[PDB]
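Here the structure comes first, spelled out in structure tokens, and everything after it is commentary.
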Amino acid sequence: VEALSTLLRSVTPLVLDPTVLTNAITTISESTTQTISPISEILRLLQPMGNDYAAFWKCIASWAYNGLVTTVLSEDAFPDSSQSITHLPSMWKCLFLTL
Amino acid sequence: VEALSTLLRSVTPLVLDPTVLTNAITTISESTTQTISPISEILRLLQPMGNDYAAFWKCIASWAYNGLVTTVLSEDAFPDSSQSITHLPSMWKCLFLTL
Amino acid sequence: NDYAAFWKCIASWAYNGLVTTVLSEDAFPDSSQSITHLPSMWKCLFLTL
Amino acid sequence: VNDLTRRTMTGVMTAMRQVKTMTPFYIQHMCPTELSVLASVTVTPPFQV
Amino acid sequence: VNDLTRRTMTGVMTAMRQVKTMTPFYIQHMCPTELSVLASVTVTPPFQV
Amino acid sequence: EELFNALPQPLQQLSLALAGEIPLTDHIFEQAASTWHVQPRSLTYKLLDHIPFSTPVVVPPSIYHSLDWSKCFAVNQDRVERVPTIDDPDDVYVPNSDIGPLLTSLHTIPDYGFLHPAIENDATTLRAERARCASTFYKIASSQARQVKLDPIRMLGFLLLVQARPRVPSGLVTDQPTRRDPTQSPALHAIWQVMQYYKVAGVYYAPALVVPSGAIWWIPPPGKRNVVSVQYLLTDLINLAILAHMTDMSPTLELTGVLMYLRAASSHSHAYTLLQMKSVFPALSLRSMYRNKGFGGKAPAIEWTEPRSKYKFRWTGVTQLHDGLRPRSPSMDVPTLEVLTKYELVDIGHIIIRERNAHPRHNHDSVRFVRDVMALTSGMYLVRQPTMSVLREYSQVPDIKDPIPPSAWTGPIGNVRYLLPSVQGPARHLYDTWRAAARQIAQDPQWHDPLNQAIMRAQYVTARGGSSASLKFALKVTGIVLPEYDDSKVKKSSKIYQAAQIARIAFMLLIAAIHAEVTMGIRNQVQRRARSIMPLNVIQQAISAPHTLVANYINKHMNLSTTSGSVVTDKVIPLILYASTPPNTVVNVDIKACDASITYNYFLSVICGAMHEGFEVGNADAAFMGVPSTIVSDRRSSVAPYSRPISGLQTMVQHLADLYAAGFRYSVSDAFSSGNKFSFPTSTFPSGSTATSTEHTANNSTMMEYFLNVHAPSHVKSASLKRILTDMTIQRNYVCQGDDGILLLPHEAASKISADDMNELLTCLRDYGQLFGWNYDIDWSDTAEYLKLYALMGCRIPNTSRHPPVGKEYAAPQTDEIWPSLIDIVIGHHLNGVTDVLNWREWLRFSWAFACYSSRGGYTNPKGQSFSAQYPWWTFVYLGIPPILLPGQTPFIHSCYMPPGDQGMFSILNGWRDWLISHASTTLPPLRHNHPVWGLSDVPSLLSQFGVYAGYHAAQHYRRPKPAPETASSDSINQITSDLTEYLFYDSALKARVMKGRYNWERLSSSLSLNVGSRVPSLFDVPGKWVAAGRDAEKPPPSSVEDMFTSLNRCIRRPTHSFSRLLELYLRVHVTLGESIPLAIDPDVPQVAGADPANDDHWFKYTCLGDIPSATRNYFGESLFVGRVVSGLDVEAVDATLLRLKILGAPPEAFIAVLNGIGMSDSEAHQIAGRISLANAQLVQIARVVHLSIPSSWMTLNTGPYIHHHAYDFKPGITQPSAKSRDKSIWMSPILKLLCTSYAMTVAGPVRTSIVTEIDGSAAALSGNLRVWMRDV
Amino acid sequence: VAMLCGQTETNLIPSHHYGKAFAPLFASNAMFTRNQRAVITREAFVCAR
Amino acid sequence: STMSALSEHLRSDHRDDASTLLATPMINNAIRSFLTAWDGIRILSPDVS
Amino acid sequence: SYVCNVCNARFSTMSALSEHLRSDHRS
RNA sequence: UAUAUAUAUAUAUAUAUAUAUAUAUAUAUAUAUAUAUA
Ligand SMILES: [Zn+2]
């Protein structure tokens, strides 16, 4: 898979840029009198494990060899089952999973 | 164009002075607990470059020789096509272009 | 101030069937290129003339 | 967009619409005279289409 | 959930839905071509089910 | 270790303290400092007896082969030249000679000597040749030895002291003890062997001793003789030994460096020999690393955002390395080995190559090896006779391979000639480019704005300057009687002084003076020829304005000046990192000598014509900067010649072209040589400061663009090269600054370009530069050299050799400085060791030893008394040096990234809080009434017992003496003032604006009762600042020195038990550290050489935060409201005051008065004042209002996001509700975040989340007091 | 992030871009060696059986 | 008797204490957290030969 | 050469030290 | 005494690098022979 992914990433015209998303986020107006800021939370959650952004190509490459190997959602990304929907960080994780 | 513009500015009763506009703008009340103040966004635009608005006289002079030269809006002074209407600076830019 | 090509073409006329002048292969615009690429467009114009 | 900001934005736009500027009058009534006179002064006469 | 925050959450979610990303188009129209070509290049041919 | 026993008792104590055995105290701090100042320096060498060396180094006796100096100097045309020994005309450096015969004996120290008074007298009075030659030789030889921040022996003493005892381990799991050990260092053994020659009765006489006036030498007995090169060799050895220890390199590499220096010292002209084989080490290691089969590892994945003009980059993962990605360029082994064969040093190459072959894969070890080997080049500041330097550099003229034919010009326009349209080629391209820019400049109401005019005039004045004598002569020659203000004690040669004289005169009267002589200066360098400083006079600088303006427009509106905006220098860091990544191919280029190659016959004539023509579009009668329009004869038409008016800009060009055609006329007055001043002209461009970078960068970009788009496609052969060479443009493929430049190729599709095509490409470029006489000096080694920064595969390599521990430039025969300045030298010295990533634990130990010696000093009246003083060690903590061990703590828990100033103090106290409080309760009786932050336990007395307050206030005291005023001189002060104001306020509108603003301001500040005495930045004080700077540039009288010592001692002795009000309030906050933040990048990937698990703390700090500055939403506060300001005033003061006013809720007219006080018109003042808001302000922008700033050490880290969303000022589940900032959080939270992150950066180890947990007083009380203090200042 | 942060050049022509991209990948007999190995494998397998 | 012996005792004995008077056990604890995060990196991004 | 303070294990190369350090040390 | 871990040494295998020798090809230099020109 790694060979195809690296080779694929060389030729593609697509480029990734997290900045555009952050601008769309931060431009949201909000009050400063609240104890919790959803903006800060989602921004903190949005940054990947490292500043990696490589899994996307890994998923593409896997399709050519689904007979050999299957991509699977990382187990650690699931929201904790003990939580409830009102727990915002858990809610965000659920949104990212379904996307 | 330069010669005609200089002559125009040399003799004219009109005087350009933005003090009343800003005075009428900064008197608008708004909450100080918000994260975005559109007043600042506006005043960050309309920046007086100190040239005493050569563009205005330049546009007027161009009319006399429209059959030879045409004035166009600068490309940089456009909202980026990647933005949404909710991106306030883009909206203000579009407003100025319309005016 | 040489203009060798011009005289070469005229000379070759008298010896066609022994030597043939051809347009330089690299003078053509690249096949993948599009008409909107102005430098390619000029090449096509000169090529035509 | 939070309505408070929206309320502000429509406010400032309203303020701009109410400024008693002189320019629109000058364009319609006085500027043409200035052009008409200066057209006889510049070393190059006007050239219009 | 206090509605102010609740208003914020639906706002930021709306913003994400409005971003004019290129990826969905690329997946549908361009990515298949890249795979189809590269399939002839890798030392191991594709193996699908 | 018997050496530890050899040390005297105080030094043994100090070594124990440095090792972390005991907490440091003022007592032992003084004992060590005092005893160092009293014992003879030779004892440091004496210490070397107790080291059982076991290294394979032999010092050949070939060193002591002094070549006679008499044949190394001669005078012809009445100037003392160098007459090189070898046929190479560049052997103009200090020879290898025995200085002995030119020595007398001193009465103070009879053993050492100085120059014969007879020799200098005869050279001065009789101008005797041999006397002059001897004098010149003595002066320069002494000067070369003086190129050190202090005496090398002291540094050697420092190294022995720290290395005398192993440091105690901390509790950290990553605290690896030093692997290297003494008795294995070839350098020290080499020093031992060579020094064996300099002992007569086991006394170890030093070959030389540096003094404030240079260096003295020891008279050799009849048997022996001292060669000056030996002293230089010792310095290099000492410097190498220190560096090797700090870098922690294998002894084998140090062995090679020793052999390197020895071979150089053996031959004549030690400097020249080193200079010839300079680039051997980088070529052997950096230029050729991965030219093998077993290549692999991890590399950064960096992406350059679409608006490439912004220079914004994104870290986006890592890339696996493989053989297809290995470097393509040929190695550098063959040429280097061939060169080394000349000096029979092929063994060094074999050793280096063999060792290099042990790193086939890119990882921490590989780069660490590269860092160490590259650290072997000599760090000596080379110096040669300025006369030879000026004669050798400016004697070059460019060679043009296709000159512009004379028939290519039109008729003259009085001085200039326009270029015929029929002419094509690069010259045509250059002509059009400059002409187009000139057109854009022509119509631009940005100028004629009185404020902008003030900026330009003010830009011309600085404390330094030159050519004043030429100015006074030329104007006196034309009958102009300039004023004088000598009683106002300010240097005449200062650019300020001459500017004041000019203020009244009508400008056109001065036109004849522009064709006047210009003085010159020289600044030495570490790895190259010395630089040149050529300051024009104020008038000439004014005339050349159009040239600068057009150049600026070219830069700012084409390739965005290629980073020459210089906003923060760190923007080049991600650029070269991206340029060195595997997917990209990069080529390093730079003009051989851009200053020497720009000239009038080819270049400047074209530019002058283009500018003069480009200004034709514009009112022919429009004076510019006081230069009126004039009538010139036009002779383009032979049948219809005539005369027509030309605008002032064109008149400037007319004179400017005349000056350039005449060539610059310099006057050399070198002091190291003897009685040999003269003047000679040259076409060499001045290029003395950043003002020249604009012109050269513009021309650099222009020629490159034409080459890429026109010349290369028409001339190259490879079809593949043509295919890739096309679709390439400078705005996204090329950057430059002055001569330096970087060219990067478009990403070859999953592949690399054939080296064959590269050779074809590089060859054609060389020829293209040869056409108009530019030697391009290009190279291709898959590395990044730009502005002296080195990157390899996306990892930065600090070239430590360019910052020698011992070396320091001194451009004059005398050091001319006072003792307290040494402290600032220490501080600057320490920071480099942090910027460059050294072993942070050992570097800290060495730094403190340096500080201890510097802590003490004295002075003597020219005839009368002596004076003395020394600081408590806590000063250096405030100055920004972490403590090694506090009482009750564990050593080595404070990171080097600890901020200086109050922030460092607060963070230290915050961690130290609980132990102090509890300990104070046990030791001391309680204080008499409750304290805000402390309980009744009375820690302040304990702090005083530690002398903390003494150090805290001592560091606040100034360190340079103050000159005194006088009343008749005050008439000159007024005369100086009046004229400076007159020069500043050429018009009247600005004066009216400032006066109105000042009058309104004081009226408001008093009546509204904000405060009184607020020193607000205003234009009326700018001349005052200039005057103070001018007077300060003078050598102070002794009385000022005596005042300093007395004042300093009193400040030390005065018993005070309080910090500044800000720090007092800051202590009210409690901060705690949580878990580590999520990592930025993979720890495997190296980013900075030496920041590895071995050097843990740097490795932690970089890994957690990530290096690439990526402020996607912060912008680090660079959006200051006042973009346009005059020199002298500080923007950082202006915005701080404005924000402070805004927080205080001042009425708008207060802002209006302040803005009007710096020349802003009322309309724009209202416009600016409206923009002021707490919302759009950035965290740092608002936090600076209380002087909370970002340490320079952090400028290489991506601290933005951490400060944004990792320093919780109010975590709901942890913070006490008493600390809830409530509505004032809009401006309170940034302050708390800054304090939190400062404390987090203070401790060693990985970066952890910082949380405010409690404020002893209510947050409201804290905010209220802050508002009070803000109102007070 | 990849889904929402996808963007490309303003006026990209995919056919042109891929034309340049794939050019170096079809310059050699690389694809044919595997064919030859497959044949030898076939013969070896049959003979062994 | 020595800072070394004290430091070793602090690292060994008080390996999990949280008293504010002690710093080093906390830092070592943070380092342990640092390593656990490092595992999270390569566990979803291993190294190939 | 390089060594780990917890178990005194000694390593020729730093990469080996790193991998060991990260993985071998954690009624 | 046995097991496990770590270090060092020796042997064997495999890979990579360098050196030396021999063979073949290409380039350059020198010598000798032959041809042609002066
Ligand atoms: Zn271990």
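Residues are referred to by chain and number: the chain letter is A, B, ... according to the order shown in the structure tokens, the number counts from 1 in that chain, and ligands are numbered separately from 1 in the order shown.
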Practice task
Compile the residues of chain A that lie within 8 Å of chain D, evaluated using only C-alpha atoms, and express the compilation as a ChimeraX atom specification.
Solution key: /A:28-30
Write as a PDB file with N, CA and C atoms (P, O5', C5', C4', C3', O3' and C1' of nucleotides), in the first residue's frame the residues around ligand 1, taking 12 Å as the cut-off and counting only C-alpha atoms (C1' of nucleotides) and all ligand atoms.
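Once written, part.pdb looks like this:
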```
ATOM      1  N   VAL F 173      14.974  10.933  33.481  1.00  0.00           N
ATOM      2  CA  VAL F 173      15.306   9.677  32.827  1.00  0.00           C
ATOM      3  C   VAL F 173      16.089   9.866  31.542  1.00  0.00           C
ATOM      4  N   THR F 174      16.162  11.087  31.020  1.00  0.00           N
ATOM      5  CA  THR F 174      16.888  11.363  29.790  1.00  0.00           C
ATOM      6  C   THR F 174      18.210  12.073  30.033  1.00  0.00           C
ATOM      7  N   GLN F 176      21.468  11.926  30.204  1.00  0.00           N
ATOM      8  CA  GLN F 176      22.644  11.114  29.927  1.00  0.00           C
ATOM      9  C   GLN F 176      23.901  11.833  30.396  1.00  0.00           C
TER      10      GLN F 176
ATOM     11  N   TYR I   2      26.205   5.398  24.724  1.00  0.00           N
ATOM     12  CA  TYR I   2      24.927   5.832  25.268  1.00  0.00           C
ATOM     13  C   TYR I   2      24.398   4.809  26.268  1.00  0.00           C
ATOM     14  N   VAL I   3      23.632   5.295  27.243  1.00  0.00           N
ATOM     15  CA  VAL I   3      23.165   4.452  28.339  1.00  0.00           C
ATOM     16  C   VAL I   3      21.820   4.971  28.829  1.00  0.00           C
ATOM     17  N   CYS I   4      21.024   4.069  29.402  1.00  0.00           N
ATOM     18  CA  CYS I   4      19.740   4.412  30.001  1.00  0.00           C
ATOM     19  C   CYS I   4      19.881   4.463  31.515  1.00  0.00           C
ATOM     20  N   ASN I   5      19.385   5.544  32.118  1.00  0.00           N
ATOM     21  CA  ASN I   5      19.571   5.753  33.550  1.00  0.00           C
ATOM     22  C   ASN I   5      18.766   4.777  34.397  1.00  0.00           C
ATOM     23  N   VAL I   6      17.753   4.132  33.828  1.00  0.00           N
ATOM     24  CA  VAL I   6      16.885   3.278  34.624  1.00  0.00           C
ATOM     25  C   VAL I   6      17.425   1.855  34.742  1.00  0.00           C
ATOM     26  N   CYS I   7      18.017   1.318  33.676  1.00  0.00           N
ATOM     27  CA  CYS I   7      18.467  -0.063  33.678  1.00  0.00           C
ATOM     28  C   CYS I   7      19.927  -0.232  33.285  1.00  0.00           C
ATOM     29  N   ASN I   8      20.647   0.856  33.015  1.00  0.00           N
ATOM     30  CA  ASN I   8      22.064   0.823  32.665  1.00  0.00           C
ATOM     31  C   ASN I   8      22.329   0.073  31.367  1.00  0.00           C
ATOM     32  N   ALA I   9      21.302  -0.141  30.553  1.00  0.00           N
ATOM     33  CA  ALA I   9      21.515  -0.715  29.236  1.00  0.00           C
ATOM     34  C   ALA I   9      22.288   0.268  28.368  1.00  0.00           C
ATOM     35  N   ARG I  10      23.264  -0.250  27.627  1.00  0.00           N
ATOM     36  CA  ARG I  10      24.186   0.568  26.853  1.00  0.00           C
ATOM     37  C   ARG I  10      24.012   0.281  25.370  1.00  0.00           C
ATOM     38  N   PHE I  11      24.111   1.328  24.553  1.00  0.00           N
ATOM     39  CA  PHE I  11      23.753   1.246  23.145  1.00  0.00           C
ATOM     40  C   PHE I  11      24.810   1.904  22.276  1.00  0.00           C
ATOM     41  N   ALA I  16      18.832   2.976  18.532  1.00  0.00           N
ATOM     42  CA  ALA I  16      18.554   1.867  19.437  1.00  0.00           C
ATOM     43  C   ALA I  16      18.213   2.372  20.830  1.00  0.00           C
ATOM     44  N   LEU I  17      18.913   3.411  21.289  1.00  0.00           N
ATOM     45  CA  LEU I  17      18.601   3.992  22.590  1.00  0.00           C
ATOM     46  C   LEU I  17      17.177   4.519  22.621  1.00  0.00           C
ATOM     47  N   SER I  18      16.768   5.217  21.562  1.00  0.00           N
ATOM     48  CA  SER I  18      15.438   5.812  21.531  1.00  0.00           C
ATOM     49  C   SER I  18      14.355   4.743  21.597  1.00  0.00           C
ATOM     50  N   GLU I  19      14.443   3.733  20.730  1.00  0.00           N
ATOM     51  CA  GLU I  19      13.406   2.710  20.691  1.00  0.00           C
ATOM     52  C   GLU I  19      13.345   1.936  22.001  1.00  0.00           C
ATOM     53  N   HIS I  20      14.503   1.653  22.599  1.00  0.00           N
ATOM     54  CA  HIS I  20      14.506   0.988  23.894  1.00  0.00           C
ATOM     55  C   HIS I  20      13.903   1.883  24.961  1.00  0.00           C
ATOM     56  N   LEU I  21      14.327   3.146  24.995  1.00  0.00           N
ATOM     57  CA  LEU I  21      13.878   4.050  26.043  1.00  0.00           C
ATOM     58  C   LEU I  21      12.367   4.227  26.004  1.00  0.00           C
ATOM     59  N   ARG I  22      11.795   4.323  24.804  1.00  0.00           N
ATOM     60  CA  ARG I  22      10.363   4.556  24.688  1.00  0.00           C
ATOM     61  C   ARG I  22       9.543   3.316  25.010  1.00  0.00           C
ATOM     62  N   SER I  23      10.097   2.123  24.800  1.00  0.00           N
ATOM     63  CA  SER I  23       9.311   0.903  24.894  1.00  0.00           C
ATOM     64  C   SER I  23       9.624   0.045  26.110  1.00  0.00           C
ATOM     65  N   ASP I  24      10.814   0.168  26.694  1.00  0.00           N
ATOM     66  CA  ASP I  24      11.243  -0.728  27.759  1.00  0.00           C
ATOM     67  C   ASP I  24      11.087  -0.141  29.152  1.00  0.00           C
ATOM     68  N   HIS I  25      10.680   1.119  29.275  1.00  0.00           N
ATOM     69  CA  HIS I  25      10.557   1.763  30.575  1.00  0.00           C
ATOM     70  C   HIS I  25       9.221   2.481  30.649  1.00  0.00           C
ATOM     71  N   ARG I  26       8.349   2.010  31.535  1.00  0.00           N
ATOM     72  CA  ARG I  26       7.019   2.583  31.707  1.00  0.00           C
ATOM     73  C   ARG I  26       6.645   2.651  33.184  1.00  0.00           C
TER      74      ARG I  26
ATOM     75  P     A J   6      18.669  -8.895  25.136  1.00  0.00           P
ATOM     76  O5'   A J   6      19.912  -8.164  25.815  1.00  0.00           O
ATOM     77  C5'   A J   6      19.778  -6.860  26.360  1.00  0.00           C
ATOM     78  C4'   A J   6      21.033  -6.419  27.074  1.00  0.00           C
ATOM     79  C3'   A J   6      22.319  -6.459  26.263  1.00  0.00           C
ATOM     80  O3'   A J   6      22.471  -5.338  25.410  1.00  0.00           O
ATOM     81  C1'   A J   6      22.693  -7.416  28.395  1.00  0.00           C
TER      82        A J   6
END
```
Handout entry: 7 Å contact set for region 48-56 of chain A, only C-alpha atoms (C1' of nucleotides), chain neighbours under 4 positions out, as a PyMOL selection string
Key = (chain A and resi 60) or (chain F and resi 315-318+1079-1082) or (chain G and resi 2) or (chain H and resi 41)
Exercise for the section: Please identify all polymer residues within 12 Å of residue 23 (chain D), counting only C-alpha atoms (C1' of nucleotides), omitting same-chain residues fewer than 2 positions from it, and present them as a PyMOL selection string. Expected result: (chain B and resi 12-17+56) or (chain D and resi 19-21+25-31)
Practice task
Just the residues within 7 Å of region 20-36 of chain H, please, counting only C-alpha atoms (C1' of nucleotides), with nothing from its chain fewer than 4 positions along; format it as a list in words.
Solution key: residues 171, 172, 173, 914, 915, 1075, 1076, 1245 and 1246 of chain F; 11, 14, 15, 16 and 40 of chain H; 22 and 26 of chain I
Dump as a PDB file, in the first residue's frame, selection limited to N, CA and C atoms:
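Written output follows (result-v3.pdb):
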```
ATOM      1  N   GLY F 171      17.287  13.929  38.360  1.00  0.00           N
ATOM      2  CA  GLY F 171      16.407  12.783  38.404  1.00  0.00           C
ATOM      3  C   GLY F 171      15.775  12.412  37.089  1.00  0.00           C
ATOM      4  N   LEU F 172      16.073  13.149  36.026  1.00  0.00           N
ATOM      5  CA  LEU F 172      15.409  12.942  34.751  1.00  0.00           C
ATOM      6  C   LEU F 172      15.909  11.677  34.074  1.00  0.00           C
ATOM      7  N   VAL F 173      14.974  10.933  33.481  1.00  0.00           N
ATOM      8  CA  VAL F 173      15.306   9.677  32.827  1.00  0.00           C
ATOM      9  C   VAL F 173      16.089   9.866  31.542  1.00  0.00           C
ATOM     10  N   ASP F 914       6.240  27.262  47.374  1.00  0.00           N
ATOM     11  CA  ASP F 914       5.867  26.540  48.589  1.00  0.00           C
ATOM     12  C   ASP F 914       7.065  26.296  49.493  1.00  0.00           C
ATOM     13  N   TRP F 915       8.198  25.898  48.919  1.00  0.00           N
ATOM     14  CA  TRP F 915       9.369  25.644  49.747  1.00  0.00           C
ATOM     15  C   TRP F 915       9.782  26.898  50.497  1.00  0.00           C
ATOM     16  N   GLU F1075      -0.577  17.556  31.851  1.00  0.00           N
ATOM     17  CA  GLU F1075       0.125  16.561  31.062  1.00  0.00           C
ATOM     18  C   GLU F1075       0.807  17.219  29.867  1.00  0.00           C
ATOM     19  N   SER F1076       1.548  16.418  29.113  1.00  0.00           N
ATOM     20  CA  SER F1076       2.183  16.916  27.907  1.00  0.00           C
ATOM     21  C   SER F1076       1.150  17.148  26.814  1.00  0.00           C
ATOM     22  N   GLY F1245      12.233  19.585  30.236  1.00  0.00           N
ATOM     23  CA  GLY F1245      11.402  18.475  29.848  1.00  0.00           C
ATOM     24  C   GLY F1245      10.339  18.860  28.844  1.00  0.00           C
ATOM     25  N   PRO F1246       9.414  17.941  28.585  1.00  0.00           N
ATOM     26  CA  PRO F1246       8.395  18.186  27.562  1.00  0.00           C
ATOM     27  C   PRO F1246       7.459  19.315  27.957  1.00  0.00           C
TER      28      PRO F1246
ATOM     29  N   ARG H  11      13.971   9.923  42.574  1.00  0.00           N
ATOM     30  CA  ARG H  11      13.500   9.231  41.380  1.00  0.00           C
ATOM     31  C   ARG H  11      12.957   7.852  41.724  1.00  0.00           C
ATOM     32  N   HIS H  14      10.058   8.183  45.696  1.00  0.00           N
ATOM     33  CA  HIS H  14       8.877   9.005  45.489  1.00  0.00           C
ATOM     34  C   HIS H  14       8.516   9.070  44.012  1.00  0.00           C
ATOM     35  N   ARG H  15       8.401   7.908  43.367  1.00  0.00           N
ATOM     36  CA  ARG H  15       8.212   7.874  41.924  1.00  0.00           C
ATOM     37  C   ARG H  15       6.836   8.361  41.499  1.00  0.00           C
ATOM     38  N   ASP H  16       5.846   8.313  42.389  1.00  0.00           N
ATOM     39  CA  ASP H  16       4.479   8.663  42.028  1.00  0.00           C
ATOM     40  C   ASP H  16       3.865   9.702  42.953  1.00  0.00           C
ATOM     41  N   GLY H  40       1.162   6.283  20.087  1.00  0.00           N
ATOM     42  CA  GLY H  40      -0.015   6.563  19.291  1.00  0.00           C
ATOM     43  C   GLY H  40       0.319   7.023  17.889  1.00  0.00           C
TER      44      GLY H  40
ATOM     45  N   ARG I  22      11.795   4.323  24.804  1.00  0.00           N
ATOM     46  CA  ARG I  22      10.363   4.556  24.688  1.00  0.00           C
ATOM     47  C   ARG I  22       9.543   3.316  25.010  1.00  0.00           C
ATOM     48  N   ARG I  26       8.349   2.010  31.535  1.00  0.00           N
ATOM     49  CA  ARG I  26       7.019   2.583  31.707  1.00  0.00           C
ATOM     50  C   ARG I  26       6.645   2.651  33.184  1.00  0.00           C
TER      51      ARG I  26
END
```
Practice task
Return as a PyMOL selection string the full set of residues in chain B whose backbone-based DSSP assignment is helix (DSSP H, G or I).
Solution key: chain B and resi 2-10+19-26+38-44+54-64+88-98
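Within chain I, the backbone-based DSSP assignment of strand (DSSP E) covers residues 2, 3, 10 and 11 of chain I.
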Grab the residues selected above and save them as a PDB file, in the first residue's frame with C-alpha atoms.
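Output saved as result-v8.pdb:
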```pdb
ATOM      1  CA  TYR I   2      24.927   5.832  25.268  1.00  0.00           C
ATOM      2  CA  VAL I   3      23.165   4.452  28.339  1.00  0.00           C
ATOM      3  CA  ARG I  10      24.186   0.568  26.853  1.00  0.00           C
ATOM      4  CA  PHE I  11      23.753   1.246  23.145  1.00  0.00           C
TER       5      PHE I  11
END
```
Fill in the blank from the handout: Separating CA of residue 198 (chain F) from CA of residue 152 (chain F), to the nearest tenth of an Å, is a gap of 16.5 Å
